[PDB]
Amino acid sequence: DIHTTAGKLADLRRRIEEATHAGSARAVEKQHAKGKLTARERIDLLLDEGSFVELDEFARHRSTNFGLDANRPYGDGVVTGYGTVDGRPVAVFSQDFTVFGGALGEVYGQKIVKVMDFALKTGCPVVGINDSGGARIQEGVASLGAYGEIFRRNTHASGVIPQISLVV
Amino acid sequence: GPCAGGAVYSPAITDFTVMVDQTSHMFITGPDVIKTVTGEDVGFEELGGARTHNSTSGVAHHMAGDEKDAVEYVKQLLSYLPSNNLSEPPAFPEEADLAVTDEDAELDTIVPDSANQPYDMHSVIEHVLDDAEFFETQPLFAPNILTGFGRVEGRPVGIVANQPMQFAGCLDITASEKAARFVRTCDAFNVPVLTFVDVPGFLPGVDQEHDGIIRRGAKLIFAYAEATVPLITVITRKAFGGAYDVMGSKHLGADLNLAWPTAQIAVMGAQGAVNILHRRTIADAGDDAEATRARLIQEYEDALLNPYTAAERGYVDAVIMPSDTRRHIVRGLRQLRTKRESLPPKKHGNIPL
Amino acid sequence: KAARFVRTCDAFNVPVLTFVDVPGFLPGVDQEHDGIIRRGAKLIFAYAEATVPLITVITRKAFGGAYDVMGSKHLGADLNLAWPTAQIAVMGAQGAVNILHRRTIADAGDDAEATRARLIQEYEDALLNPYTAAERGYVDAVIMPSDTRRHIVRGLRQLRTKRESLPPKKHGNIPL
Amino acid sequence: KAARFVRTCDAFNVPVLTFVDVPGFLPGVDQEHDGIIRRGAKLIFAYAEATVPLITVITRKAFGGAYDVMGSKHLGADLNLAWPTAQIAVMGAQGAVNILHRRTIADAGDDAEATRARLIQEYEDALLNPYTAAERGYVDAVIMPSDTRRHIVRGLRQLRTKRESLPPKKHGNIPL
């Protein structure tokens with residue numbers, strides 16, 4: 001059912017699958033064709049096995065500009081969370097090119113800010129895996145605000161916690 | 001033994017007070033003066049015995065059957081705390097096995113289908129703590145909320161959790177002050193705080209307003225917003241209105257906020273919401289005034305009484321399987337234990353009193 | 001009511017002047033049950049916590065713990081003044097004699113009463129004043145009621161440069 | 001040039017006023033090959049790092065990254081003002097619709113062009129202004145140009161007591 005506890009657990013299992021496969025099957029094919037890996041495969045390579053804990057997995061954008069609200073994929077274009085590398089704490093975000101071409105949006109941006117605040121708060125390195133066609137134009141200035149908030153954090157965290165940019 | 005007159009204020013300022021049933025008594029004014037002044041007849045025991053101060057006044061944190069037990073209780077209390085605020089609580093590190101066990105699995109079915117049916121929150125708490133050991137404080141006071149200590153991978157943690165079995169787990173004046181002082185205690189002594197949420201809202205009542213729930217209930221939010229120790233919160237089921245903000249919400253500074261599929265995070269109940277949202281709509285067509293109301297209600301709850309709207313905003317960091325709660329707390333505390341945060345410089349705050 | 005106010009003044013650097021004429025705490029089962037033990041303790045905490053200048057003037061009564069609570073020097077008050085009419089003692093005359101002279105009153109049961117009436121009179125004339133407190137320095141001076149403004153003005157002039165600090169901590173754990 | 005100036009002002013406690021009218025970054029293979037990515041970053045770093053009062057006024061053009069770079073609120077600017085003539089948007093109308101309406105324009109190929117022309121017109125009339133930014137609070141106010149001096153004078157009076165700190169570090173690692 002759905003009004004039952006067991007039903008709610010099954011419903012979540014379904015959302016996980018959808019969230020874990022936000023980009024279409026062909027988009028992933030195109031990505032692999034180019035000789036690139038997916039956002040998640042990249043995290044799997046970097047982090048110690050099973051140490052990854054995803055954040056905002058079910059985040060969705062709040063825009064209605066240019067019918068963009070027709071598609072609100074879970075995660076909103078970027079995979080974020082924490083784990084460990086060689087047993088040491090690391091915060092990470094990985095942009096998903098298969099979703100809206102990886103265009104940075106408001107919620108997409110806040111997800112990154114969250115991973116950055118977590119890293120400054122706990123004192124661990126931040127590894128950013130970049131792969132984005134640019135700003136998500138449909139969102140206008142909201143896209144600009146998100147970038148600015150990231151730049152500010154980059155600056156404040158400068159020389160505090162290591163920041164490594166992986167541009168693939 | 002006795003603690004009378006102004007002497008009572010010393011233990012009151014201390015962090016924990018443990019009494020022995022029928023041996024100890026605390027009161028500012030004794031029976032004799034109370035009678036020759038108010039004409040009331042009250043005995044020591046009723047006036048301020050161990051049971052009275054552990055379940056009514058809220059001044060004692062434990063009532064023991066004898067002195068040996070009382071001593072054992074303080075030794076325990078001392079084992080979860082550092083020697084001073086300069087260091088982290090004493091720890092005997094031991095890696096945990098994160099493979100999902102049969103006990104972990106029990107959490108997937110602990111929440112009944114009916115939203116009104118209760119379950120024992122003690123079970124949830126024990127399933128995440130080392131050896132399922134939960135050292136409870138103030139058990140007899142404001143039973144609607146649970147406070148106490150435990151260990152996660154050998155490291156002490158404090159717990160704050162609504163108890164569905166008592167007064168439906170509502171928040172009220174007593175539960176607010178009980179938990180508020182406990183939270184500040186853990187924070188002051190560097191003890192991480194884990195909070196589990198299942199709160200329908202605040203206990204309705206003229207008495208709660210007149211007794212000052214406005215300023216008294218505020219102490220709990222202040223406690224949480226002030227805390228700089230790791231804060232991990234798990235919403236198992238209900239989280240409505242202000243009570244949601246109050247129960248270790250991310251908005252107050254909580255570091256990690258998790259919710260079960262069974263969580264219902266919303267401004268208010270479906271009925272009350274539609275009566276306001278669809279007043280005019282429902283008003284139209286007196287003919288069938290009510291099945292449409294019933295329809296709006298069913299629709300409202302199916303759309304908003306879950307944790308997903310909150311998850312879309314990042315209010316909760318993740319919606320998880322109940323069986324994976326122990327996993328999330330273990331791994332969260334590993335990364336959150338290096339948390340460093342400071343408040344604005346001040347001599348001290350001005351928490352409502 | 002007072003604890004919060006004192007804490008507000010302290011936090012914002014406002015000196016605190018306190019006037020004392022307190023018989024004790026209100027008797028009643030309801031006060032005990034409603035947590036007088038943990039809620040009245042808030043006032044002593046606020047005063048012991050304060051670092052702003054503190055000047056206290058005892059105009060009349062100051063008995064038992066109430067005396068400690070109302071900005072006594074023991075809590076950290078800087079200047080403590082008492083008028084000639086101040087009565088600083090552990091408890092009322094009748095209560096005290098009934099305990100200290102229990103046997104004396106017992107003996108000579110015949111006309112037991114004007115015997116205690118005398119003890120009470122003698123006790124109040126000997127202890128119900130601010131002079132024993134002044135002997136220990138609990139009050140810095142017993143002053144003429146008319147010289148109160150003068151003392152406060154001159155005290156604040158000196159005390160305004162007061163620099164004190166508590167032990168390092170994230171914050172205190174005031175009873176709630 | 002500006003990055004060094006901003007850092008100099010901040011280091012010696014001088015408030016910084018910035019007036020914006022930037023179309024974007026100068027296009028050219030040279031700029032890229034010469035490291036505009038790491039060098040243009042210095043200006044954003046200087047602004048994000050400053051703790052002195054920062055007041056910004058957008059008189060006209062503010063597009064894309066350049067908008068973020070010119071003392072934007074997202075970087076920490078305290079007070080952000082915009083004139084009615086301001087144009088705060090991700091990119092120019094032409095390039096935007098060329099991406100947002102690539103299919104709409106394609107369809108009805110016959111007479112494809114006054115369709116994109118209509119869209120361009122609609123796009124600039126709805127977005128190329130400072131009101132979307134104002135709705136989000138990215139600018140604290142859209143003001144009459146004549147009231148700029150008044151806003152800066154009153155802003156500085158309040159902002160001059162600004163106190164803000166950065167995370168402890170030996171120093172930052174600004175791109176060189």
# chains A, B, ... in the order shown; residues from 1 in each chain; ligands from 1
call {"tool": "closest_atom_pairs", "arguments": {"of": "chain B", "to": "chain A", "cutoff": "7 Å", "atoms": "only C-alpha atoms", "output": "Markdown table"}}
result
| residue | atom | partner | partner_atom | distance |
| --- | --- | --- | --- | --- |
| B:111 | CA | A:5 | CA | 6.7 |
| B:112 | CA | A:5 | CA | 6.5 |
| B:113 | CA | A:4 | CA | 4.7 |
| B:261 | CA | A:8 | CA | 5.5 |
| B:262 | CA | A:5 | CA | 6.4 |
| B:311 | CA | A:58 | CA | 5.9 |
| B:312 | CA | A:59 | CA | 3.8 |
| B:313 | CA | A:59 | CA | 6.1 |
| B:314 | CA | A:56 | CA | 5.6 |
| B:317 | CA | A:56 | CA | 5.2 |
| B:318 | CA | A:56 | CA | 5.9 |
| B:321 | CA | A:9 | CA | 6.9 |
| B:335 | CA | A:89 | CA | 6.6 |
| B:336 | CA | A:122 | CA | 6.1 |
| B:338 | CA | A:122 | CA | 5.1 |
| B:339 | CA | A:122 | CA | 4.4 |
| B:340 | CA | A:121 | CA | 5.8 |
| B:341 | CA | A:121 | CA | 6.7 |
call {"tool": "write_last_selection", "arguments": {"atoms": "C-alpha atoms", "output": "short mmCIF file (atom, residue, chain, number, x, y, z; two decimals), in the first residue's frame"}}
result
data_model
loop_
_atom_site.label_atom_id
_atom_site.label_comp_id
_atom_site.auth_asym_id
_atom_site.auth_seq_id
_atom_site.Cartn_x
_atom_site.Cartn_y
_atom_site.Cartn_z
CA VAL B 111 6.52 2.20 13.42
CA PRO B 112 2.84 1.18 13.24
CA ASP B 113 0.69 1.91 10.17
CA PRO B 261 9.90 7.31 5.28
CA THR B 262 7.34 7.43 8.06
CA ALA B 311 14.13 16.81 1.64
CA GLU B 312 13.77 18.83 -1.58
CA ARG B 313 14.92 21.93 0.33
CA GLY B 314 17.74 20.21 2.16
CA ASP B 317 20.06 15.80 4.67
CA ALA B 318 18.56 12.44 3.74
CA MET B 321 15.63 3.32 5.85
CA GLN B 335 33.12 13.15 10.67
CA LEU B 336 31.25 15.49 13.01
CA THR B 338 36.03 17.48 14.69
CA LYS B 339 33.28 20.11 14.53
CA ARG B 340 34.61 23.57 15.42
CA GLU B 341 32.07 26.40 15.71
#
call {"tool": "calpha_fit_rmsd", "arguments": {"fixed": "chain D", "moving": "chain C"}}
result
0.3 Å
call {"tool": "residues_around", "arguments": {"residues": "residue 247 (chain B)", "least_positions_apart": "2", "cutoff": "12 Å", "atoms": "only C-alpha atoms", "output": "PyMOL selection string"}}
result
chain B and resi 145+159-162+169-171+175-176+179-180+183+193-202+217-225+231-236+238-245+249-254+257+265
call {"tool": "closest_atom_pairs", "arguments": {"of": "chain D", "to": "chain A", "cutoff": "7 Å", "atoms": "only C-alpha atoms", "output": "JSON lines"}}
result
{"residue": "D:45", "atom": "CA", "partner": "A:155", "partner_atom": "CA", "distance": 5.8}
{"residue": "D:48", "atom": "CA", "partner": "A:152", "partner_atom": "CA", "distance": 5.2}
{"residue": "D:49", "atom": "CA", "partner": "A:155", "partner_atom": "CA", "distance": 6.6}
{"residue": "D:64", "atom": "CA", "partner": "A:144", "partner_atom": "CA", "distance": 6.7}
{"residue": "D:68", "atom": "CA", "partner": "A:148", "partner_atom": "CA", "distance": 5.6}
{"residue": "D:74", "atom": "CA", "partner": "A:148", "partner_atom": "CA", "distance": 4.7}
{"residue": "D:75", "atom": "CA", "partner": "A:152", "partner_atom": "CA", "distance": 5.2}
{"residue": "D:89", "atom": "CA", "partner": "A:141", "partner_atom": "CA", "distance": 5.5}
{"residue": "D:90", "atom": "CA", "partner": "A:140", "partner_atom": "CA", "distance": 5.5}
{"residue": "D:133", "atom": "CA", "partner": "A:141", "partner_atom": "CA", "distance": 6.6}
{"residue": "D:166", "atom": "CA", "partner": "A:156", "partner_atom": "CA", "distance": 6.3}
{"residue": "D:167", "atom": "CA", "partner": "A:156", "partner_atom": "CA", "distance": 6.5}
{"residue": "D:169", "atom": "CA", "partner": "A:160", "partner_atom": "CA", "distance": 5.9}
{"residue": "D:171", "atom": "CA", "partner": "A:159", "partner_atom": "CA", "distance": 6.5}
{"residue": "D:172", "atom": "CA", "partner": "A:159", "partner_atom": "CA", "distance": 4.9}
{"residue": "D:173", "atom": "CA", "partner": "A:159", "partner_atom": "CA", "distance": 5.6}
call {"tool": "atom_distance", "arguments": {"atom1": "CA of residue 21 (chain C)", "atom2": "CA of residue 138 (chain C)"}}
result
16.2 Å
call {"tool": "interface_residues", "arguments": {"of": "chain D", "to": "chain B", "cutoff": "12 Å", "atoms": "only C-alpha atoms", "output": "list in words"}}
result
residues 163, 164, 165, 167 and 168 of chain D
call {"tool": "select_by_dssp", "arguments": {"residues": "region 40-173 of chain C", "states": "strand (DSSP E or B)", "output": "list in words"}}
result
residues 54, 55, 56, 57, 58, 59, 60, 61, 62, 63, 79, 80, 81, 82, 87, 88, 89, 141 and 142 of chain C
call {"tool": "write_last_selection", "arguments": {"atoms": "N, CA, C and O atoms", "output": "PDB file, in the first residue's frame"}}
result
ATOM      1  N   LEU C  54      28.270  46.136  41.308  1.00  0.00           N
ATOM      2  CA  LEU C  54      27.107  45.717  42.096  1.00  0.00           C
ATOM      3  C   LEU C  54      27.088  46.423  43.447  1.00  0.00           C
ATOM      4  O   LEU C  54      28.028  46.289  44.232  1.00  0.00           O
ATOM      5  N   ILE C  55      26.022  47.173  43.713  1.00  0.00           N
ATOM      6  CA  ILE C  55      25.889  47.875  44.988  1.00  0.00           C
ATOM      7  C   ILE C  55      24.559  47.485  45.627  1.00  0.00           C
ATOM      8  O   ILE C  55      23.501  47.593  45.011  1.00  0.00           O
ATOM      9  N   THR C  56      24.624  47.027  46.869  1.00  0.00           N
ATOM     10  CA  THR C  56      23.436  46.577  47.582  1.00  0.00           C
ATOM     11  C   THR C  56      23.199  47.395  48.852  1.00  0.00           C
ATOM     12  O   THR C  56      24.142  47.754  49.554  1.00  0.00           O
ATOM     13  N   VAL C  57      21.934  47.705  49.127  1.00  0.00           N
ATOM     14  CA  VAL C  57      21.574  48.483  50.315  1.00  0.00           C
ATOM     15  C   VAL C  57      20.468  47.758  51.062  1.00  0.00           C
ATOM     16  O   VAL C  57      19.394  47.529  50.521  1.00  0.00           O
ATOM     17  N   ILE C  58      20.735  47.380  52.304  1.00  0.00           N
ATOM     18  CA  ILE C  58      19.724  46.678  53.080  1.00  0.00           C
ATOM     19  C   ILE C  58      18.987  47.703  53.924  1.00  0.00           C
ATOM     20  O   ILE C  58      19.534  48.223  54.892  1.00  0.00           O
ATOM     21  N   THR C  59      17.747  47.999  53.550  1.00  0.00           N
ATOM     22  CA  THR C  59      16.974  48.988  54.291  1.00  0.00           C
ATOM     23  C   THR C  59      16.363  48.410  55.561  1.00  0.00           C
ATOM     24  O   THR C  59      16.327  49.077  56.593  1.00  0.00           O
ATOM     25  N   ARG C  60      15.877  47.174  55.494  1.00  0.00           N
ATOM     26  CA  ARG C  60      15.292  46.569  56.679  1.00  0.00           C
ATOM     27  C   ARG C  60      15.457  45.090  57.038  1.00  0.00           C
ATOM     28  O   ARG C  60      16.246  44.756  57.915  1.00  0.00           O
ATOM     29  N   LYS C  61      14.727  44.206  56.365  1.00  0.00           N
ATOM     30  CA  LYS C  61      14.797  42.784  56.682  1.00  0.00           C
ATOM     31  C   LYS C  61      15.778  42.148  55.695  1.00  0.00           C
ATOM     32  O   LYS C  61      15.962  42.623  54.579  1.00  0.00           O
ATOM     33  N   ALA C  62      16.405  41.068  56.141  1.00  0.00           N
ATOM     34  CA  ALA C  62      17.351  40.288  55.339  1.00  0.00           C
ATOM     35  C   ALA C  62      17.583  39.025  56.150  1.00  0.00           C
ATOM     36  O   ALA C  62      18.539  38.941  56.912  1.00  0.00           O
ATOM     37  N   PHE C  63      16.685  38.055  55.998  1.00  0.00           N
ATOM     38  CA  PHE C  63      16.754  36.800  56.742  1.00  0.00           C
ATOM     39  C   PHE C  63      17.078  35.555  55.914  1.00  0.00           C
ATOM     40  O   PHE C  63      16.692  35.450  54.749  1.00  0.00           O
ATOM     41  N   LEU C  79      29.821  46.542  46.676  1.00  0.00           N
ATOM     42  CA  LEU C  79      29.569  47.431  47.795  1.00  0.00           C
ATOM     43  C   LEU C  79      28.253  47.047  48.459  1.00  0.00           C
ATOM     44  O   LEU C  79      27.203  47.044  47.823  1.00  0.00           O
ATOM     45  N   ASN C  80      28.316  46.704  49.740  1.00  0.00           N
ATOM     46  CA  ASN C  80      27.123  46.321  50.480  1.00  0.00           C
ATOM     47  C   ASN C  80      26.911  47.288  51.640  1.00  0.00           C
ATOM     48  O   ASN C  80      27.741  47.379  52.541  1.00  0.00           O
ATOM     49  N   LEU C  81      25.798  48.011  51.603  1.00  0.00           N
ATOM     50  CA  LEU C  81      25.472  48.979  52.648  1.00  0.00           C
ATOM     51  C   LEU C  81      24.243  48.540  53.440  1.00  0.00           C
ATOM     52  O   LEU C  81      23.350  47.877  52.915  1.00  0.00           O
ATOM     53  N   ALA C  82      24.192  48.919  54.708  1.00  0.00           N
ATOM     54  CA  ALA C  82      23.049  48.577  55.541  1.00  0.00           C
ATOM     55  C   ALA C  82      22.618  49.801  56.336  1.00  0.00           C
ATOM     56  O   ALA C  82      23.461  50.556  56.812  1.00  0.00           O
ATOM     57  N   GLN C  87      17.982  44.321  59.537  1.00  0.00           N
ATOM     58  CA  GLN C  87      17.952  43.173  60.435  1.00  0.00           C
ATOM     59  C   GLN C  87      18.507  41.998  59.633  1.00  0.00           C
ATOM     60  O   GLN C  87      17.797  41.368  58.845  1.00  0.00           O
ATOM     61  N   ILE C  88      19.791  41.730  59.826  1.00  0.00           N
ATOM     62  CA  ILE C  88      20.477  40.658  59.117  1.00  0.00           C
ATOM     63  C   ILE C  88      20.697  39.496  60.072  1.00  0.00           C
ATOM     64  O   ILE C  88      21.525  39.575  60.972  1.00  0.00           O
ATOM     65  N   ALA C  89      19.938  38.424  59.883  1.00  0.00           N
ATOM     66  CA  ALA C  89      20.049  37.257  60.740  1.00  0.00           C
ATOM     67  C   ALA C  89      19.620  35.989  60.002  1.00  0.00           C
ATOM     68  O   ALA C  89      18.969  36.059  58.961  1.00  0.00           O
ATOM     69  N   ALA C 141      29.561  48.963  55.311  1.00  0.00           N
ATOM     70  CA  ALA C 141      29.244  50.112  56.153  1.00  0.00           C
ATOM     71  C   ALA C 141      27.782  50.184  56.568  1.00  0.00           C
ATOM     72  O   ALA C 141      26.883  49.834  55.801  1.00  0.00           O
ATOM     73  N   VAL C 142      27.551  50.615  57.801  1.00  0.00           N
ATOM     74  CA  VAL C 142      26.192  50.796  58.286  1.00  0.00           C
ATOM     75  C   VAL C 142      26.063  52.304  58.136  1.00  0.00           C
ATOM     76  O   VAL C 142      26.822  53.051  58.741  1.00  0.00           O
TER      77      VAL C 142
END
